[PDB]
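A.B. asks: Before anything else, here's the structure in question.
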Amino acid sequence: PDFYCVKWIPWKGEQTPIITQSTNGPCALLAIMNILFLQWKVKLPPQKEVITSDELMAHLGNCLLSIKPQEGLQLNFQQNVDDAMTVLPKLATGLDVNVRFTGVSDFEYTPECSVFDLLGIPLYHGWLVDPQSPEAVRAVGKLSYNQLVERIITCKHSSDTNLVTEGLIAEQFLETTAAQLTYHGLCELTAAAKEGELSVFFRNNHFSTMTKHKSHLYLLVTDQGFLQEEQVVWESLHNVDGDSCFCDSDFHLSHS
């Protein structure tokens, strides 16, 4: 959990490095930092076999601090920086996000949110309510999965089944849509999702590098296991659940 292993993969023309989580924690630095290496925003000596939470960290800070501003955020930006810079070292350990269920770019604002909101990197999650189920739209509203828990516990105690009825039928929406994704979220995600531009995906307090390529949603292979395999580069999110096909950089299929 201290060091990290480099996959070294031919991508977009040249030999490009990438990082592999084996521990598989609430680990979002590997997920962001990855993006930067692809974007070639951070170059690594061709040599490098390994890298530390230390290396990765300081690499990101020089990368954030090298953002000159774009006129939304004006001197609002100047605090967006301070916010992020300060909760930067947080990313090393891990970071909960309060996911909203309204939309796939909808969260309660952590100040760790500010790192993405500054690196022009989108964050998305799959855990959306289904307007193809009316009770949720009403019985969940704009509440978040840290604010819905607080609320379900309030309803379990209200002597008024008018608002226990909700408190039951929220308990449904979790003790069912456990996998933090719905078919609905998954579809709606591809909707928002710009082709070919890389992003980050939240699920079960766990972070993934993402993209849409030929209008399907393919993630990266942050798994250390498939490691000598340069051609094994993207897994699919073609499906609500099941199995996924693997690819080389150019999104051609590959086999062990």
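Residues in the structure tokens are numbered from 1 in each chain, the chains being A, B, ... in the order shown, and ligands are numbered from 1 in the order shown.
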Pick out each residue of region 8-124 of chain A that DSSP on the backbone tags as strand (DSSP E or B); I need them as a ChimeraX atom specification.

C.D. replies: /A:8-11,14-21,50-52,99-100,107,123-124

A.B. asks: Keeping C-alpha atoms, export the residues of the selection given above as a PDB file, in the first residue's frame.

C.D. replies:
```
ATOM      1  CA  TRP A   8       4.476   0.936 -19.644  1.00  0.00           C
ATOM      2  CA  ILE A   9       2.148   0.873 -22.650  1.00  0.00           C
ATOM      3  CA  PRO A  10       2.308   2.166 -26.244  1.00  0.00           C
ATOM      4  CA  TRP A  11      -0.525   4.778 -26.394  1.00  0.00           C
ATOM      5  CA  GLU A  14       4.622   6.970 -28.037  1.00  0.00           C
ATOM      6  CA  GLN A  15       5.448   4.707 -25.017  1.00  0.00           C
ATOM      7  CA  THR A  16       3.346   6.165 -22.117  1.00  0.00           C
ATOM      8  CA  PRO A  17       3.540   5.144 -18.395  1.00  0.00           C
ATOM      9  CA  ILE A  18       0.437   4.243 -16.168  1.00  0.00           C
ATOM     10  CA  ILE A  19      -0.145   3.194 -12.443  1.00  0.00           C
ATOM     11  CA  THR A  20      -1.560  -0.140 -11.051  1.00  0.00           C
ATOM     12  CA  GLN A  21      -3.453  -0.423  -7.688  1.00  0.00           C
ATOM     13  CA  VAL A  50       7.946   1.953  -9.520  1.00  0.00           C
ATOM     14  CA  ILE A  51       6.621   5.147  -7.881  1.00  0.00           C
ATOM     15  CA  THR A  52       5.536   6.249  -4.337  1.00  0.00           C
ATOM     16  CA  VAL A  99     -22.910  11.033  -4.043  1.00  0.00           C
ATOM     17  CA  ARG A 100     -26.229  12.702  -4.995  1.00  0.00           C
ATOM     18  CA  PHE A 107     -22.391  15.387  -5.425  1.00  0.00           C
ATOM     19  CA  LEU A 123     -16.178  13.152 -11.997  1.00  0.00           C
ATOM     20  CA  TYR A 124     -19.239  10.895 -12.551  1.00  0.00           C
TER      21      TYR A 124
END
```

A.B. asks: Show me a table, sorted first by chain and then by increasing residue number, of the residues of region 175-207 of chain A having an atom at most 10 Å from region 227-242 of chain A, each with its shortest atom pair and the distance in Å to one decimal, counting only C-alpha atoms and written as JSON lines.

C.D. replies:
```
{"residue": "A:179", "atom": "CA", "partner": "A:241", "partner_atom": "CA", "distance": 9.3}
{"residue": "A:181", "atom": "CA", "partner": "A:240", "partner_atom": "CA", "distance": 7.6}
{"residue": "A:182", "atom": "CA", "partner": "A:240", "partner_atom": "CA", "distance": 6.9}
{"residue": "A:183", "atom": "CA", "partner": "A:240", "partner_atom": "CA", "distance": 5.1}
{"residue": "A:184", "atom": "CA", "partner": "A:240", "partner_atom": "CA", "distance": 8.8}
{"residue": "A:185", "atom": "CA", "partner": "A:240", "partner_atom": "CA", "distance": 9.2}
{"residue": "A:186", "atom": "CA", "partner": "A:240", "partner_atom": "CA", "distance": 6.7}
{"residue": "A:187", "atom": "CA", "partner": "A:240", "partner_atom": "CA", "distance": 8.8}
{"residue": "A:190", "atom": "CA", "partner": "A:238", "partner_atom": "CA", "distance": 9.7}
```

A.B. asks: Please indicate the distance in Å from CA of residue 154 (chain A) to CA of residue 166 (chain A), rounded to one decimal place.

C.D. replies: 10.7 Å

A.B. asks: What's the separation between CA of residue 31 (chain A) and CA of residue 80 (chain A), in Å to one decimal place?

C.D. replies: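 Going from CA of residue 31 (chain A) over to CA of residue 80 (chain A) covers 20.8 Å.
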
A.B. asks: Find the residues near residue 174 (chain A): any atom within 10 Å, counting only C-alpha atoms, skip ones fewer than 4 places away on the same chain, and give them as a PyMOL selection string.

C.D. replies: chain A and resi 127+145+148-149+169-170+178-180
